[PDB]
$ cat run19.pdb   # PDB, C-alpha atoms and all ligand atoms
ATOM      1  CA  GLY A  66      37.289 -55.747  13.561  1.00  0.00           C
ATOM      2  CA  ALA A  67      33.965 -57.166  12.449  1.00  0.00           C
ATOM      3  CA  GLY A  68      33.194 -60.318  10.465  1.00  0.00           C
ATOM      4  CA  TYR A  69      30.475 -62.863   9.818  1.00  0.00           C
ATOM      5  CA  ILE A  70      30.801 -66.289  11.475  1.00  0.00           C
ATOM      6  CA  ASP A  71      28.480 -69.223  10.689  1.00  0.00           C
ATOM      7  CA  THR A  72      27.653 -70.023  14.365  1.00  0.00           C
ATOM      8  CA  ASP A  73      24.839 -72.647  14.003  1.00  0.00           C
ATOM      9  CA  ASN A  74      26.293 -74.176  10.792  1.00  0.00           C
ATOM     10  CA  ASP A  75      23.291 -73.436   8.611  1.00  0.00           C
ATOM     11  CA  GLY A  76      25.726 -72.965   5.706  1.00  0.00           C
ATOM     12  CA  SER A  77      23.930 -69.690   5.043  1.00  0.00           C
ATOM     13  CA  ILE A  78      25.572 -66.465   6.355  1.00  0.00           C
ATOM     14  CA  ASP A  79      22.804 -64.645   8.313  1.00  0.00           C
ATOM     15  CA  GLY A  80      22.149 -61.193   9.852  1.00  0.00           C
ATOM     16  CA  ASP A  81      22.392 -62.318  13.492  1.00  0.00           C
ATOM     17  CA  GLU A  82      25.894 -63.595  12.629  1.00  0.00           C
ATOM     18  CA  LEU A  83      27.727 -60.299  12.426  1.00  0.00           C
ATOM     19  CA  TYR A  84      30.221 -60.494  15.302  1.00  0.00           C
ATOM     20  CA  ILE A  85      32.351 -57.591  16.527  1.00  0.00           C
ATOM     21  CA  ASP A  86      35.952 -57.825  17.799  1.00  0.00           C
ATOM     22  CA  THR A  87      36.669 -54.580  19.747  1.00  0.00           C
ATOM     23  CA  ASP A  88      40.192 -55.607  20.969  1.00  0.00           C
ATOM     24  CA  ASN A  89      41.330 -56.675  17.477  1.00  0.00           C
ATOM     25  CA  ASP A  90      42.880 -59.867  18.967  1.00  0.00           C
ATOM     26  CA  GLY A  91      41.281 -62.426  16.636  1.00  0.00           C
ATOM     27  CA  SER A  92      38.405 -63.433  18.945  1.00  0.00           C
ATOM     28  CA  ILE A  93      35.008 -62.509  20.464  1.00  0.00           C
ATOM     29  CA  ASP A  94      34.718 -62.965  24.277  1.00  0.00           C
ATOM     30  CA  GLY A  95      31.634 -62.762  26.504  1.00  0.00           C
ATOM     31  CA  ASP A  96      31.830 -58.974  26.826  1.00  0.00           C
ATOM     32  CA  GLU A  97      32.063 -58.420  23.033  1.00  0.00           C
ATOM     33  CA  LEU A  98      28.850 -60.344  22.472  1.00  0.00           C
ATOM     34  CA  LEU A  99      27.161 -57.047  23.434  1.00  0.00           C
ATOM     35  CA  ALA A 100      29.278 -54.968  21.023  1.00  0.00           C
ATOM     36  CA  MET A 101      27.420 -52.956  18.403  1.00  0.00           C
ATOM     37  CA  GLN A 102      27.860 -50.579  15.516  1.00  0.00           C
ATOM     38  CA  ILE A 103      26.866 -46.949  15.855  1.00  0.00           C
ATOM     39  CA  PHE A 104      27.028 -44.222  13.225  1.00  0.00           C
ATOM     40  CA  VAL A 105      28.633 -40.799  13.655  1.00  0.00           C
ATOM     41  CA  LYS A 106      27.536 -38.139  11.165  1.00  0.00           C
ATOM     42  CA  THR A 107      30.346 -35.588  10.745  1.00  0.00           C
ATOM     43  CA  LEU A 108      30.378 -32.102   9.210  1.00  0.00           C
ATOM     44  CA  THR A 109      32.302 -33.097   6.078  1.00  0.00           C
ATOM     45  CA  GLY A 110      29.275 -35.299   5.191  1.00  0.00           C
ATOM     46  CA  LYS A 111      31.383 -38.383   5.947  1.00  0.00           C
ATOM     47  CA  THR A 112      29.670 -40.920   8.187  1.00  0.00           C
ATOM     48  CA  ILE A 113      31.884 -42.974  10.514  1.00  0.00           C
ATOM     49  CA  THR A 114      30.918 -46.495  11.574  1.00  0.00           C
ATOM     50  CA  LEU A 115      32.048 -47.192  15.139  1.00  0.00           C
ATOM     51  CA  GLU A 116      32.567 -50.459  16.994  1.00  0.00           C
ATOM     52  CA  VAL A 117      31.545 -49.890  20.602  1.00  0.00           C
ATOM     53  CA  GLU A 118      30.045 -51.514  23.676  1.00  0.00           C
ATOM     54  CA  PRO A 119      27.185 -50.101  25.768  1.00  0.00           C
ATOM     55  CA  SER A 120      29.701 -49.710  28.645  1.00  0.00           C
ATOM     56  CA  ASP A 121      31.987 -47.413  26.605  1.00  0.00           C
ATOM     57  CA  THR A 122      32.311 -43.850  27.933  1.00  0.00           C
ATOM     58  CA  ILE A 123      31.773 -40.915  25.604  1.00  0.00           C
ATOM     59  CA  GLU A 124      35.445 -40.161  26.136  1.00  0.00           C
ATOM     60  CA  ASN A 125      36.212 -43.655  24.748  1.00  0.00           C
ATOM     61  CA  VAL A 126      33.868 -42.986  21.841  1.00  0.00           C
ATOM     62  CA  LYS A 127      35.819 -39.763  21.062  1.00  0.00           C
ATOM     63  CA  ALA A 128      39.138 -41.612  21.284  1.00  0.00           C
ATOM     64  CA  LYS A 129      37.888 -44.060  18.643  1.00  0.00           C
ATOM     65  CA  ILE A 130      36.932 -41.128  16.373  1.00  0.00           C
ATOM     66  CA  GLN A 131      40.519 -39.892  16.639  1.00  0.00           C
ATOM     67  CA  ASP A 132      41.903 -43.365  15.796  1.00  0.00           C
ATOM     68  CA  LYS A 133      39.756 -43.412  12.624  1.00  0.00           C
ATOM     69  CA  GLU A 134      39.612 -39.723  11.547  1.00  0.00           C
ATOM     70  CA  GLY A 135      42.635 -37.985  13.145  1.00  0.00           C
ATOM     71  CA  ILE A 136      40.430 -35.514  15.036  1.00  0.00           C
ATOM     72  CA  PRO A 137      41.528 -34.583  18.603  1.00  0.00           C
ATOM     73  CA  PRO A 138      38.913 -35.255  21.349  1.00  0.00           C
ATOM     74  CA  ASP A 139      39.263 -31.646  22.525  1.00  0.00           C
ATOM     75  CA  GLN A 140      37.841 -30.552  19.128  1.00  0.00           C
ATOM     76  CA  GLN A 141      34.940 -33.019  19.422  1.00  0.00           C
ATOM     77  CA  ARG A 142      31.468 -32.544  20.790  1.00  0.00           C
ATOM     78  CA  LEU A 143      28.937 -35.339  20.328  1.00  0.00           C
ATOM     79  CA  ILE A 144      25.126 -35.021  20.168  1.00  0.00           C
ATOM     80  CA  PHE A 145      22.398 -37.715  20.388  1.00  0.00           C
ATOM     81  CA  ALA A 146      18.757 -36.693  19.726  1.00  0.00           C
ATOM     82  CA  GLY A 147      19.318 -33.244  21.211  1.00  0.00           C
ATOM     83  CA  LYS A 148      21.169 -34.087  24.483  1.00  0.00           C
ATOM     84  CA  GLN A 149      24.881 -33.180  24.188  1.00  0.00           C
ATOM     85  CA  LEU A 150      27.010 -36.041  25.549  1.00  0.00           C
ATOM     86  CA  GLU A 151      29.085 -35.805  28.751  1.00  0.00           C
ATOM     87  CA  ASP A 152      32.582 -37.376  28.481  1.00  0.00           C
ATOM     88  CA  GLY A 153      32.236 -39.538  31.626  1.00  0.00           C
ATOM     89  CA  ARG A 154      28.824 -41.007  30.900  1.00  0.00           C
ATOM     90  CA  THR A 155      28.327 -44.257  28.975  1.00  0.00           C
ATOM     91  CA  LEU A 156      26.434 -45.123  25.799  1.00  0.00           C
ATOM     92  CA  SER A 157      24.101 -47.147  28.025  1.00  0.00           C
ATOM     93  CA  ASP A 158      23.467 -44.103  30.256  1.00  0.00           C
ATOM     94  CA  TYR A 159      22.098 -42.279  27.234  1.00  0.00           C
ATOM     95  CA  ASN A 160      20.332 -45.421  25.970  1.00  0.00           C
ATOM     96  CA  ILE A 161      22.426 -45.296  22.779  1.00  0.00           C
ATOM     97  CA  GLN A 162      21.854 -48.603  20.981  1.00  0.00           C
ATOM     98  CA  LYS A 163      22.901 -50.497  17.807  1.00  0.00           C
ATOM     99  CA  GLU A 164      22.830 -48.433  14.640  1.00  0.00           C
ATOM    100  CA  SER A 165      22.050 -45.222  16.517  1.00  0.00           C
ATOM    101  CA  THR A 166      23.194 -42.015  14.874  1.00  0.00           C
ATOM    102  CA  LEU A 167      25.404 -39.573  16.813  1.00  0.00           C
ATOM    103  CA  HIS A 168      26.114 -36.084  15.510  1.00  0.00           C
ATOM    104  CA  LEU A 169      29.746 -34.900  15.685  1.00  0.00           C
ATOM    105  CA  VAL A 170      29.907 -31.066  15.816  1.00  0.00           C
ATOM    106  CA  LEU A 171      32.960 -28.796  16.295  1.00  0.00           C
ATOM    107  CA  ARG A 172      33.719 -27.816  19.935  1.00  0.00           C
ATOM    108  CA  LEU A 173      34.471 -24.090  20.429  1.00  0.00           C
ATOM    109  CA  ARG A 174      35.362 -22.740  23.906  1.00  0.00           C
ATOM    110  CA  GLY A 175      34.510 -19.250  25.227  1.00  0.00           C
TER     111      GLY A 175
HETATM  112 GD    GD A 201      23.893 -69.306   9.562  1.00  0.00          GD
HETATM  113 GD    GD A 202      38.386 -59.672  21.442  1.00  0.00          GD
END

$ encode --input "run19.pdb" --output "structure tokens" --more "lines below"
Ligand SMILES: [Gd]
Ligand SMILES: [Gd]
Amino acid sequence: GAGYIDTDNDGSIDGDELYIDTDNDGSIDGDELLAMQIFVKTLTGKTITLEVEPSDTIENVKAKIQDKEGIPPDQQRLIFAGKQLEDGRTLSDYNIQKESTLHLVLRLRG
């Protein structure tokens, strides 16, 4: 879940006020302050917006794609600026940051 919250009480909803609730439990904790949105460009042309943290593993990222799109992780390979992404590494390992684009290609074995 994501929503705007008027933290500062300007009365004017601002860009630095998009908050992201990863757990979907109604709140943002200290860890979710670092949450971000990344984009995943698929082959159907559809672009998926993902809610992630820099500590998320690529395997987690793939699990989230399945929640949203129904695609099994075994069928998923992710690419970021050339480097294909290893399941056990994190978004931070690859220096994947807010509003980065990942490419989702089709995994074929052998
Ligand atoms: Gd504000
Ligand atoms: Gd939360």

$ resolve_selection --input "run19.pdb" --expression "the PyMOL selection byres (((not hetatm)) within 10 of (chain A and resi 201))" --output "number ranges by chain"
A: 69-82

$ atom_distance --input "run19.pdb" --atom1 "atom CA of residue 148 of chain A" --atom2 "atom CA of residue 86 of chain A"
28.8 Å

$ closest_atom_pairs --input "run19.pdb" --of "chain A" --to "ligand GD 202 (chain A)" --cutoff "7 Å" --atoms "all atoms listed in the file" --output "tab-separated table"
residue	atom	partner	partner_atom	distance
A:86	CA	A:GD202	GD	4.8
A:87	CA	A:GD202	GD	5.6
A:88	CA	A:GD202	GD	4.5
A:89	CA	A:GD202	GD	5.8
A:90	CA	A:GD202	GD	5.1
A:91	CA	A:GD202	GD	6.3
A:92	CA	A:GD202	GD	4.5
A:93	CA	A:GD202	GD	4.5
A:94	CA	A:GD202	GD	5.7
A:97	CA	A:GD202	GD	6.6

$ resolve_selection --input "run19.pdb" --expression "the PyMOL selection byres (((chain A and resi 109) around 12) and not hetatm)" --output "compact mmCIF listing (two decimals) with C-alpha atoms, keeping the file's coordinate frame"
# COMPACT_ATOMS: atom_id res chain seq x y z
CA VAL A 105 28.63 -40.80 13.66
CA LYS A 106 27.54 -38.14 11.16
CA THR A 107 30.35 -35.59 10.74
CA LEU A 108 30.38 -32.10 9.21
CA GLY A 110 29.28 -35.30 5.19
CA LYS A 111 31.38 -38.38 5.95
CA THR A 112 29.67 -40.92 8.19
CA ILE A 113 31.88 -42.97 10.51
CA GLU A 134 39.61 -39.72 11.55
CA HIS A 168 26.11 -36.08 15.51
CA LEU A 169 29.75 -34.90 15.68
CA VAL A 170 29.91 -31.07 15.82
CA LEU A 171 32.96 -28.80 16.30

$ resolve_selection --input "run19.pdb" --expression "the PyMOL selection byres (((chain A and resi 162) around 10) and not hetatm)" --output "PyMOL selection string"
chain A and resi 100-103+117-119+156-157+159-161+163-166

$ atom_distance --input "run19.pdb" --atom1 "atom CA of residue 152 of chain A" --atom2 "atom CA of residue 120 of chain A"
12.7 Å

$ closest_residue --input "run19.pdb" --among "A:167, A:98, A:104, A:145" --to "residue 67 of chain A" --atoms "all atoms listed in the file"
A:98

$ atom_distance --input "run19.pdb" --atom1 "atom CA of residue 122 of chain A" --atom2 "atom CA of residue 137 of chain A"
16.1 Å

$ closest_residue --input "run19.pdb" --among "A:154, A:136, A:84, A:141" --to "residue 121 of chain A" --atoms "all atoms listed in the file"
A:154

$ residues_around --input "run19.pdb" --residues "residue 153 of chain A" --least-positions-apart "6" --cutoff "9 Å" --atoms "all atoms listed in the file" --output "PyMOL selection string"
chain A and resi 122-125

$ axis_aligned_box --input "run19.pdb" --around "segment 131-134 of chain A" --padding-each-side "6 Å" --output "JSON"
{"center_x": 40.8, "center_y": -41.6, "center_z": 14.1, "size_x": 14.3, "size_y": 15.7, "size_z": 17.1}
